[PDB]
$ cat my_file29.pdb   # PDB, C-alpha atoms
MODEL        1
ATOM      1  CA  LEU A   1      90.667  12.235  51.705  1.00  0.00           C
ATOM      2  CA  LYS A   2      94.171  11.983  53.245  1.00  0.00           C
ATOM      3  CA  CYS A   3      96.068   8.628  53.098  1.00  0.00           C
ATOM      4  CA  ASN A   4      99.341   7.455  54.691  1.00  0.00           C
ATOM      5  CA  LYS A   5     102.314   6.995  52.374  1.00  0.00           C
ATOM      6  CA  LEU A   6     104.623   3.935  52.495  1.00  0.00           C
ATOM      7  CA  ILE A   7     105.957   4.965  55.943  1.00  0.00           C
ATOM      8  CA  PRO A   8     102.794   6.219  57.605  1.00  0.00           C
ATOM      9  CA  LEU A   9     104.575   9.123  59.284  1.00  0.00           C
ATOM     10  CA  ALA A  10     104.044  10.889  55.912  1.00  0.00           C
ATOM     11  CA  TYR A  11     100.689  11.208  54.072  1.00  0.00           C
ATOM     12  CA  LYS A  12      99.136  13.020  51.085  1.00  0.00           C
ATOM     13  CA  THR A  13      95.705  14.310  50.044  1.00  0.00           C
ATOM     14  CA  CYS A  14      94.142  12.033  47.423  1.00  0.00           C
ATOM     15  CA  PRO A  15      93.492  13.436  43.950  1.00  0.00           C
ATOM     16  CA  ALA A  16      89.934  13.469  42.488  1.00  0.00           C
ATOM     17  CA  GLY A  17      88.320  10.005  42.090  1.00  0.00           C
ATOM     18  CA  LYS A  18      90.442   8.231  44.751  1.00  0.00           C
ATOM     19  CA  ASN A  19      88.253   8.123  47.922  1.00  0.00           C
ATOM     20  CA  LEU A  20      89.865   4.999  49.473  1.00  0.00           C
ATOM     21  CA  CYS A  21      93.182   4.608  51.328  1.00  0.00           C
ATOM     22  CA  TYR A  22      94.953   1.223  50.997  1.00  0.00           C
ATOM     23  CA  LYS A  23      97.725  -0.972  52.302  1.00  0.00           C
ATOM     24  CA  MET A  24      99.196  -3.658  50.005  1.00  0.00           C
ATOM     25  CA  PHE A  25     100.823  -6.730  51.588  1.00  0.00           C
ATOM     26  CA  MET A  26     103.020  -9.464  50.155  1.00  0.00           C
ATOM     27  CA  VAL A  27     101.165 -12.737  51.060  1.00  0.00           C
ATOM     28  CA  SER A  28      99.898 -11.834  54.591  1.00  0.00           C
ATOM     29  CA  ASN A  29      98.359  -8.732  56.302  1.00  0.00           C
ATOM     30  CA  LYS A  30     100.651  -9.623  59.346  1.00  0.00           C
ATOM     31  CA  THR A  31     103.688  -8.035  57.577  1.00  0.00           C
ATOM     32  CA  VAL A  32     105.121  -4.615  56.795  1.00  0.00           C
ATOM     33  CA  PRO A  33     103.014  -3.191  53.967  1.00  0.00           C
ATOM     34  CA  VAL A  34     104.938  -2.894  50.722  1.00  0.00           C
ATOM     35  CA  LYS A  35     102.744  -0.181  49.179  1.00  0.00           C
ATOM     36  CA  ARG A  36     100.273   2.475  50.463  1.00  0.00           C
ATOM     37  CA  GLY A  37      98.232   5.402  49.194  1.00  0.00           C
ATOM     38  CA  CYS A  38      94.984   6.565  47.613  1.00  0.00           C
ATOM     39  CA  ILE A  39      92.912   4.411  45.293  1.00  0.00           C
ATOM     40  CA  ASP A  40      89.661   4.465  43.289  1.00  0.00           C
ATOM     41  CA  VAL A  41      88.542   0.771  43.790  1.00  0.00           C
ATOM     42  CA  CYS A  42      89.793  -1.752  46.405  1.00  0.00           C
ATOM     43  CA  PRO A  43      91.512  -4.493  44.353  1.00  0.00           C
ATOM     44  CA  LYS A  44      90.587  -8.151  44.963  1.00  0.00           C
ATOM     45  CA  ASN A  45      93.001 -10.228  47.097  1.00  0.00           C
ATOM     46  CA  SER A  46      95.187 -12.677  45.041  1.00  0.00           C
ATOM     47  CA  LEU A  47      97.238 -15.694  46.169  1.00  0.00           C
ATOM     48  CA  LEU A  48     100.350 -13.548  47.008  1.00  0.00           C
ATOM     49  CA  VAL A  49      98.968  -9.991  47.154  1.00  0.00           C
ATOM     50  CA  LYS A  50      96.560  -8.679  49.838  1.00  0.00           C
ATOM     51  CA  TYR A  51      94.839  -5.293  49.973  1.00  0.00           C
ATOM     52  CA  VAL A  52      93.252  -3.674  53.047  1.00  0.00           C
ATOM     53  CA  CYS A  53      91.182  -0.536  52.069  1.00  0.00           C
ATOM     54  CA  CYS A  54      89.323   2.017  54.244  1.00  0.00           C
ATOM     55  CA  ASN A  55      87.526   5.364  53.693  1.00  0.00           C
ATOM     56  CA  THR A  56      88.642   7.769  56.523  1.00  0.00           C
ATOM     57  CA  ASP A  57      91.663  10.119  56.760  1.00  0.00           C
ATOM     58  CA  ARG A  58      94.918   8.157  57.350  1.00  0.00           C
ATOM     59  CA  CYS A  59      93.071   4.862  58.046  1.00  0.00           C
ATOM     60  CA  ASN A  60      95.891   2.945  56.115  1.00  0.00           C
TER      61      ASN A  60
ENDMDL
END

$ encode --input "my_file29.pdb" --output "structure tokens"
Amino acid sequence: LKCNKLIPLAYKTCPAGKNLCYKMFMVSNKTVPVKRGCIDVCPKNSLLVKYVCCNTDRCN
């Protein structure tokens, strides 16, 4: 898997065990993501922190 980095111009290949890409938002998915990369498990949404995960190259 390849996943976009914080500015999705750049990207990396995920290490072993991380087969999701993610975007992390402060409060709302209608904002500039505040973190991006590879991840093992898609974290649960919380009151102020939202995660969008996906499983294809550079989907984040």

$ residues_near_point --input "my_file29.pdb" --point "(98.9, -1.9, 56.2)" --cutoff "6 Å" --atoms "only C-alpha atoms" --output "list in words"
residues 23, 33 and 60 of chain A

$ resolve_selection --input "my_file29.pdb" --expression "the PyMOL selection byres ((chain A and resi 37) around 10)" --output "list in words"
residues 2, 3, 4, 5, 6, 8, 11, 12, 13, 14, 18, 20, 21, 22, 23, 24, 35, 36, 38, 39, 53, 58 and 60 of chain A

$ atom_distance --input "my_file29.pdb" --atom1 "atom CA of residue A:51" --atom2 "atom CA of residue A:31"
12.0 Å

$ atom_distance --input "my_file29.pdb" --atom1 "atom CA of residue A:48" --atom2 "atom CA of residue A:26"
5.8 Å

$ resolve_selection --input "my_file29.pdb" --expression "the PyMOL selection byres ((chain A and resi 27) around 7)" --output "ChimeraX atom specification"
/A:25-26,28,47-50

$ axis_aligned_box --input "my_file29.pdb" --around "stretch 37-56 of chain A" --padding-each-side "4 Å" --output "lines of an AutoDock Vina configuration file"
center_x = 93.9
center_y = -4.0
center_z = 49.9
size_x = 20.8
size_y = 31.5
size_z = 21.2

$ closest_residue --input "my_file29.pdb" --among "A:42, A:1, A:9, A:34" --to "residue A:57" --atoms "all atoms listed in the file"
A:1

$ atom_distance --input "my_file29.pdb" --atom1 "atom CA of residue A:32" --atom2 "atom CA of residue A:17"
26.7 Å

$ closest_residue --input "my_file29.pdb" --among "A:59, A:52, A:10, A:41" --to "residue A:29" --atoms "all atoms listed in the file"
A:52

$ decode --input "my_file29.pdb" --residues "stretch 30-57 of chain A" --atoms "C-alpha atoms" --output "PDB file, in the first residue's frame"
ATOM      1  CA  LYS A  30     -15.073  19.417   5.621  1.00  0.00           C
ATOM      2  CA  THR A  31     -11.661  20.816   6.752  1.00  0.00           C
ATOM      3  CA  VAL A  32      -7.979  20.496   5.914  1.00  0.00           C
ATOM      4  CA  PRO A  33      -6.838  17.167   7.354  1.00  0.00           C
ATOM      5  CA  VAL A  34      -4.431  17.576  10.245  1.00  0.00           C
ATOM      6  CA  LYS A  35      -2.807  14.138   9.931  1.00  0.00           C
ATOM      7  CA  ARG A  36      -2.432  11.470   7.183  1.00  0.00           C
ATOM      8  CA  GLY A  37      -0.668   8.179   6.548  1.00  0.00           C
ATOM      9  CA  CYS A  38      -0.765   4.401   6.897  1.00  0.00           C
ATOM     10  CA  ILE A  39      -2.601   2.616   9.683  1.00  0.00           C
ATOM     11  CA  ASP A  40      -3.409  -0.897  10.945  1.00  0.00           C
ATOM     12  CA  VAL A  41      -7.044  -0.303  12.202  1.00  0.00           C
ATOM     13  CA  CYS A  42      -9.389   2.629  11.376  1.00  0.00           C
ATOM     14  CA  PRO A  43      -9.914   4.414  14.725  1.00  0.00           C
ATOM     15  CA  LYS A  44     -13.466   5.200  15.896  1.00  0.00           C
ATOM     16  CA  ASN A  45     -14.706   8.795  15.417  1.00  0.00           C
ATOM     17  CA  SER A  46     -14.768  10.872  18.686  1.00  0.00           C
ATOM     18  CA  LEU A  47     -16.544  14.156  19.488  1.00  0.00           C
ATOM     19  CA  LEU A  48     -13.642  16.321  18.114  1.00  0.00           C
ATOM     20  CA  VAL A  49     -11.594  13.854  16.040  1.00  0.00           C
ATOM     21  CA  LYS A  50     -12.767  12.231  12.767  1.00  0.00           C
ATOM     22  CA  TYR A  51     -11.016   9.533  10.742  1.00  0.00           C
ATOM     23  CA  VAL A  52     -11.692   8.637   7.091  1.00  0.00           C
ATOM     24  CA  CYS A  53      -9.887   5.344   6.098  1.00  0.00           C
ATOM     25  CA  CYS A  54      -9.626   3.551   2.718  1.00  0.00           C
ATOM     26  CA  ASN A  55      -7.684   0.563   1.291  1.00  0.00           C
ATOM     27  CA  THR A  56      -6.317   1.610  -2.183  1.00  0.00           C
ATOM     28  CA  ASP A  57      -3.072   3.411  -3.154  1.00  0.00           C
TER      29      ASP A  57
END
